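A, B, ... follow the sequence lines: proteins, then strands. Residue 1 opens every chain. Heavy-atom basis, side chains included; hydrogens, waters and symmetry copies ignored.
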Amino acid sequence: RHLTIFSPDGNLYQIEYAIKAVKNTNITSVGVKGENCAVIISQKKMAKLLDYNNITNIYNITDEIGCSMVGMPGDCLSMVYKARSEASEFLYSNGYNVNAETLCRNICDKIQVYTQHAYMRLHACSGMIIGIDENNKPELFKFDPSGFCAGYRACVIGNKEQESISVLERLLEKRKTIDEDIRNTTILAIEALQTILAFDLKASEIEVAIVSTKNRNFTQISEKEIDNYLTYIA
Amino acid sequence: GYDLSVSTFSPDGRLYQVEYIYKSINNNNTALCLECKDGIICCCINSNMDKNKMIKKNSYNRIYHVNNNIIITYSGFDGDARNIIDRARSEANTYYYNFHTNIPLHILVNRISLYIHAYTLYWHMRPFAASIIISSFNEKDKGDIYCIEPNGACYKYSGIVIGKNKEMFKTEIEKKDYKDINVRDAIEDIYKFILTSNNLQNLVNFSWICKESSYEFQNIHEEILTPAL
Amino acid sequence: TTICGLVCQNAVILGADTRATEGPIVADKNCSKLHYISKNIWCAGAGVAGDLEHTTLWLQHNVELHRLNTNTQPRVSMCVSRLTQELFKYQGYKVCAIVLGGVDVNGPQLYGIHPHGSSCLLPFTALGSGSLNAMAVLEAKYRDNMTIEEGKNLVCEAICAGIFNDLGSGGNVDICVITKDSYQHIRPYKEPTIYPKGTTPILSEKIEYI
Amino acid sequence: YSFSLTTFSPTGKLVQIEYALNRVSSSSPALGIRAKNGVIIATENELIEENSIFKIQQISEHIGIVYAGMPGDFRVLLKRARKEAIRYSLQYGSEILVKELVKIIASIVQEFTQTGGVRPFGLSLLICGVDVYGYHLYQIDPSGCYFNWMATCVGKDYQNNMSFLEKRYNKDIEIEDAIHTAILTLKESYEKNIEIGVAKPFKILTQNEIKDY
Amino acid sequence: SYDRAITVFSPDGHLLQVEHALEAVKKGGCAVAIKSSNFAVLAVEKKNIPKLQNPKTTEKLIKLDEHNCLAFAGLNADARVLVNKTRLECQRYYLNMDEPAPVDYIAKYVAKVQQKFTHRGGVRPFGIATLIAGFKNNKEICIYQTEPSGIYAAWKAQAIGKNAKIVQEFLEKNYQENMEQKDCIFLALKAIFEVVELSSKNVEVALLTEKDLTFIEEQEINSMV
Amino acid sequence: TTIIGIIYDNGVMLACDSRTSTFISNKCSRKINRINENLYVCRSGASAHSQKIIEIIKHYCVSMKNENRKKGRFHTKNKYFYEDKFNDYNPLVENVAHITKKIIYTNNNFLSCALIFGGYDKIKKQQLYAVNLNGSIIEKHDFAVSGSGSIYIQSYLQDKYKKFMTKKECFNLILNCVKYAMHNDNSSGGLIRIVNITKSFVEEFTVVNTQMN
Amino acid sequence: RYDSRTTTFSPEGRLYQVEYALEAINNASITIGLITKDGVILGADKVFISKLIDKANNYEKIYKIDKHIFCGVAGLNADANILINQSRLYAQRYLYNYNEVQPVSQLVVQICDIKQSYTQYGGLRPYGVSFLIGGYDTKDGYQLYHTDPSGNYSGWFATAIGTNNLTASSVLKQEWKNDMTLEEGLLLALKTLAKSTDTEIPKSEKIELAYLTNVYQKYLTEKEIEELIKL
Amino acid sequence: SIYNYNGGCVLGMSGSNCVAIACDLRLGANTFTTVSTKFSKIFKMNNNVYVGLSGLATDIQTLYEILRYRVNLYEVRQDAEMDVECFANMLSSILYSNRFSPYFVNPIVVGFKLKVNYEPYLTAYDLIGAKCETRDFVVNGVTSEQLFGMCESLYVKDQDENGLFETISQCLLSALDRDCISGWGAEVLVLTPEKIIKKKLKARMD
Amino acid sequence: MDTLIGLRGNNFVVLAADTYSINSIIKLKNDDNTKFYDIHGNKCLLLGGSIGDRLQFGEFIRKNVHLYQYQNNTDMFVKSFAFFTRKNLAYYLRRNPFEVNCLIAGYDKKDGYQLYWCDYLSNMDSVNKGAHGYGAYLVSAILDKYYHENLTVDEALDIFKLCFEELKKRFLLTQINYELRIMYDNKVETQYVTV
């Protein structure tokens, strides 16, 4: 099970081991779509003197597109640079901005070439990507070390896989103006992370990033907004 | 038998070659950097070569610099560290060549961490055996210090120690906040930590960036160190 | 040649004549100069015929591949960028002055790409040997807002003026109306002895049945 | 470092092909049925969007594709198939024939069985299409062999589904009858979890149409 | 293994792959070469299934140029590619010097090629041993035998292939200098027939002269007393 | 052609005409291009060269802006406001101008374009740079002019300039300069496009006027 | 250690991958070839996968290379198709070079040289397919050539490859004659294909049969074998 | 001027369920010397495709060999007769691939488009494959002007095989009699779905 | 300046060429052997033009043809030889052109006695009679007048003699020495003709 080749069972165990590596980091990140917006909330901790403001999992691939990677940190930053290079190449060749879907397609093709080739290690990296398409609707595309992309209405990376799907289903069913939509989506994301982690969260140890039609640019809400939302939920 | 290659995840989902590089770096010579009230200070204890009495006095200098206002130090193999430092210098030179401006510290940190990470992927290349402190100080931004681990990670600190006895240096330096301490008053405490954690004169390297160096790289003079000792 | 484009209410109308001359001699009297790039993007060409034809085919197939990959409507700016980058790479040796037109999420869009690799968003454009006559009629009669029928009549009048006033332009008139929902193409839009048996001697003859 | 990972066994077998065959056998079911006036290909957490997970895809206006196996391998092979069809169209100025595309993709799939430092593709493909020589259904294995079929099944429990379809299939059938037989076979192997694609340009039937059928 | 060392030294000091190529030569069919004053005789075993296999297609005696011929023993496909290389170099020399390639030069070239293939990376040794025969710049005829090891040597008479030692001994105890064409042909026949069964169809024999490499007809091979 | 950039108190105003080419090929052309929200550029010379280096520099500026972002939380006219209030990550004007100078210098054997970069950033406040034909950069702390029509307004602009011009008088000066250049030069004409760049907001004015005396 | 060292000798002076490829070809379907006074006859066996196949137009054994050369396959199909493509490329390359149709032996030599190159250079596995290449040329006449994964070929009057080729060769030895008509050759091919499968009455549903005559290649339709079966 | 070295011309025409392709028989040398009077300029690709190559004779031969190579590869791969329009587009792409080092050949493609309805298909190109798909006749060569005049004058729509032969032969001979560098006999080649007729006209040799 | 002549038939194919080796304003030789390049298997490639290009191209073609005939163990056909030579001369036309004017000749059991004319531009066609050089202007119509399909060897030699006398009389390069080749009766023969 050393090379990325088939076993007698037929599975490739290197992808399973890379997924185990991603899960071992114990970093949780929840992505949620909305009516005209998308939110990613991440835990903001390592995979006394350390600068805790510098620790982040979210990234800005472009002004519009943003992402959140979880896994090995070097692999995460390398995938971030690959995503930025892919978006830049698309903009240069085509003269217009790539969307989240096509970027996820290309990144998973880049992952697949490592998957098939024995001489390439697999990146222990999962990732969510969000943005707004040309029809003014949100996107939320998730990929894993297997090189498989999928769009989600809501999704989680971390330890609580196929357990946070239940609380996400409950919250999305319960919820089912642009300002009210953005507020409700952010509240749902924060409450989902709080219920998944099952302990009260301080505003200085979580990071919430928002994309919406009102503000097309990917941006992170300040700690005062997160404190306000946490006080509102309680 | 999953640890004989950097390009293979074990069933636990980890790369054992990286952990062995961590073990190699941890039992090596000690290095530390600290951010003071108006400067950064870097110290390096080369105590593993205390048995060698034939060495020329104060010539094995693990401290290096980039663009005269970035300090870069390491713990690990000397040659691999020189490779990393040469790549950092080349990247800074390329940035100035393109843009006519000194490279920001965090972009250099990301680029060199990517360079270190690139060797952990392929199965025909040795990963880097070195953990790199790279740091700078400014009048307005104060000190920014980055530690790049051998695994390609890069984390910002307000003070960092690596090498042998790093726990002792960390718990000793985590007693007084140096953000309200002048850099001249920190050399005494650093020497005291070196005692706690004859040969003190010659097996130590020092560097500093504060007002008195005009915010530029320099080695602390002997006449400044000796009264502090 | 007279190729012409203009932009109407949520649409772009292209038009062209149907002449292809190998010097003083007319080779094809009903040639076709309006080229399909995408369902929502069309073009017309002036300059060297082979470069025009093969650049248009290359652009059409690249646009179709991009449409299959991205799975969204093709963009006019994408075609402009690909065309300009291809045309500059040969440094004006790809002699293709192409009027591009289309409709996308950013509305109607008409561009005039020149053979050295420069483009310009415009409300109307004319190119070819008979470009100045069509430009004169267009600047005379074009207005800020018009309908499909008014623009069709204006394009037909401009191409007819280029036909009558220019010797390198003649034949019928073709136009294409490109809208967001679909395109609509008219090839003939305007359209303004027997010898005895055995007379020719032969030296040999032989028949073999296939 | 270019050495073939796939190697002949002492019993004259390329066991990596057998293991990829086991992998596609473990995957979700796929099938295709060819009628006198059509050809169909069909396949079988509440948060995943159904729009973004379509296994059935289009290579060309009269050529469609579906697979059983790994998704990423299918995506790269679909990109390659689209590029080859586009290059044929750019060269000869007409839509590519089904057999030529199948031969090209079969050669590309066989190349990775032999190239050093790579492993075979872990999927089996089904091309459907129409051209001047009629309707076409073609199965491509991990081995790189292309098989011409009247009707076939690929993924999990494909022997039982093949037996069912063999007793059910007739040459002279309609698109309605073919779609009904395909839905019957899929529900036997097993509306929300059914995808159908029919080939007149190639088409994807929406969930409303599949529910009607 | 695009660039890897297949041939390497063993703990004793030998190259194992060259020895395995020698074993492959030992599996190959038997060939024999005898010299005379101004002509040579090459006789090689034939193995054809009766009534089904085409007799003419198999060809172990090969003409290389105007004035050189070859008779190999070992792997047949290796022999074909080496013979094509040898023919190419013969014509290359005749282009680059405007004289036909002598036998010593081309034998040295074949030996050098085999040495190169035993020494370069990502390449297997040639599993064949050759008996080239031809004429020199001074019009003198000679025979060069070349091993898979890349070592060559000239011989008055020589045998290669399966049971080569027995034929070598028989040639040693029966060779004489400057014998007639009939005597040389008969000696080659009775030498190569010491290991292969007494029949006319199990051998093909040819005589090399300054003019051309003639092949002995099956009728003349028959009636060998 | 006429492209002008003039620095005034807390701002910089760029200005251009619209005419392209004896036969006027185009008469509504945007010569002032938006490299970034805080940085614009006026073009002169061959249009193909200008367009290609300007879009290459847009690509490079997008890459630079992506790499300039730090981790964690911190802290008929048209008007726009900067998304980057504090200039945390917008690239500097000098960096973009110098990489443009390197681009034009490396390929100066055939490139024949001249550029005027104008912008604002927190380090150097408002900034003007002029990249010449061979690829030589000069920082013009007062004003830069280029194009075939600029030769007719050198003495006019030199006489009328002051150190700390108000927005109104700077606007009148640059408008009258471009008008005089259009009046004297056959190669320049059409509507006037002006771009005013400040610490916080950008304005884009379009003016239609002629010369009477 | 991941390299299997495919391209190296054994202690007995053998290439193990080559013999594994040969005994893989022995497990493939049966193929037969022979030469008559009017044309070269080739025939094969079809491994029944299902009745749901499009057998109407399915020749997975015999393939056309050019109007004067055709081949019959025994081995891995995906490995055979790429070599058939190479054969077609070399035939048209020779016609492009010399303005003349290629001889059969030269094409056989070229493809067998590619096989030898794979068995000698690099670190790649060999091609596990054997060909019976039939053809006509004016230099020689009607020719049939058998090939191997080792790159070693030989010319034949009539031979077999695949499973139970010993029985087919025995029947060919018993029955084949130098002077045979086309009908006699087809009947002998039917008899050999029958005896290979231990069936007296051959199944027309799983027999491919084709021939070449001086040039024209005939691929017998599934109905055409039925007239020969009854006779 | 490179076309002036060897001369030559090719003509093609259509009728009712029949087409025709005609050419001269000369290899020129230095624009005046006639070294061969049988240099045929029409080549058969398949049953329903013919090509007429005019220009430089070396480029004619290389282009014919390349087209034969690619057409034979297409047919042996696909195992079917290549469509006329497909061969037309393949020839156009081959000509354009040599855009900056062109073959100095001005070809025509004449064939039957099948569907079975045997429609005429005529098209003409230049040295860089500019499409000139024409419905009634096609012309290339140094004698292009005379041939265009003769064909515009004498062409009659929907002629049988005999009338088509007489019209195309008269057009070719009339065009060639007023040309210095084209003539010395003439081939005419009349295609129908059922048969094909090759004729050598009795022409002027001077 | 280099004259070549060739004449086909049903029972013969004959070639002839001046034996002048020339440089600058002098004749190096009156017995030049640099023109005829007879190949094994009843084939000949008579070249004109530069001596260096003649040697290089003729030896390249001859050694390649011999390489073919030894690799495959058969005689190459004359049509194949002619078209191989034409393709090889065409390959260098745009890169580094050989300024060589080719007359290919030979015998096949397939196609009989064959002759092919070809020039430095690589424009080839079979002919019953051909010539190269400025002498081709003067020895072409003589071949046209006296050629008939059923010539014998002596009649062809007489025609060649008349061509040589024409070259002496009218051509300013008063060429008097010529070397011939005669392919007839399944044998190749050589002759030398003065005046």
Item to check | Intermediate values then yes/no, side-chain contact (heavy atoms from CB on, under 4.5 Å), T115(A) and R119(D) | outcome: CA-CA 10 Å; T115(A) 303; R119(D) 48 80 164 169; 3.7 Å; yes
Next on the checklist: If you apply the rule side-chain contact (heavy atoms from CB on, under 4.5 Å), what do you find for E49(D) with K33(A), and how did you get there?
Outcome noted: CA-CA 11 Å; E49(D) 296 201 319; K33(A) 278 179 79 172; 3.3 Å; yes
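Within 6.0 Å of atom CZ in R183(A), 12 or fewer heavy atoms from other residues, nucleotides or ligands are found, so the atom counts as exposed in its surroundings. The number of heavy atoms from other shown groups lying within 6.0 Å of NZ (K167(D)) is above 12.
The closest side-chain heavy-atom distance from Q116(A) to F121(D) is below 4.5 Å. The shortest distance between side-chain heavy atoms of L168(A) and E46(D) does not fall below 4.5 Å.
Contact count against chain A (heavy-atom pairs under 4.5 Å) is highest for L47(D) among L47(D), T6(D), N22(D). Comparing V118(D), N45(D), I53(D) by heavy-atom pairs within less than 4.5 Å of chain A, the highest count is held by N45(D). Ranked by heavy-atom pairs under 4.5 Å with chain A, the list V24(D), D73(D), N51(D), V15(D) is led by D73(D). Between chain D and the residues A150(A), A154(A), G147(A), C155(A), the most heavy-atom pairs under 4.5 angstrom are made by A154(A).
The CD1 atom of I111(A) sits 13.0 Å away from the CZ atom of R75(D) when rounded to the nearest 0.5 Å. Here the CG atom belonging to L5(D) is positioned 5.5 Å from the CD1 atom belonging to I5(A), to the nearest 0.5 angstrom. To the nearest 0.5 Å, atoms OG (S52(D)) and CD (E139(A)) are separated by 9.0 Å. In this structure, the separation between CD on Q112(A) and CZ on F74(D) is 12.5 Å, given to the nearest 0.5 Å. Going from atom CD1 of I48(D) over to atom OH of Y152(A) covers 4.5 Å, rounded to the nearest 0.5 Å.
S146(A) does not touch chain D: none of its heavy atoms, backbone or side chain, sits under 4.5 Å away. Residue contact with chain D, scored on non-hydrogen atoms closer than 4.5 Å, is absent for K142(A). If you measure heavy-atom distances from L140(A) to chain D, you find no contacts under 4.5 Å at all. With a 4.5 Å cut-off on non-hydrogen atoms, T4(A) touches chain D through its backbone but not through its side chain. Proximity to chain D is limited to the side chain of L3(A), based on heavy atoms less than 4.5 angstrom apart.
Between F6(A) and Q16(D), the closest heavy-atom pair is O-NE2, 3.2 Å.
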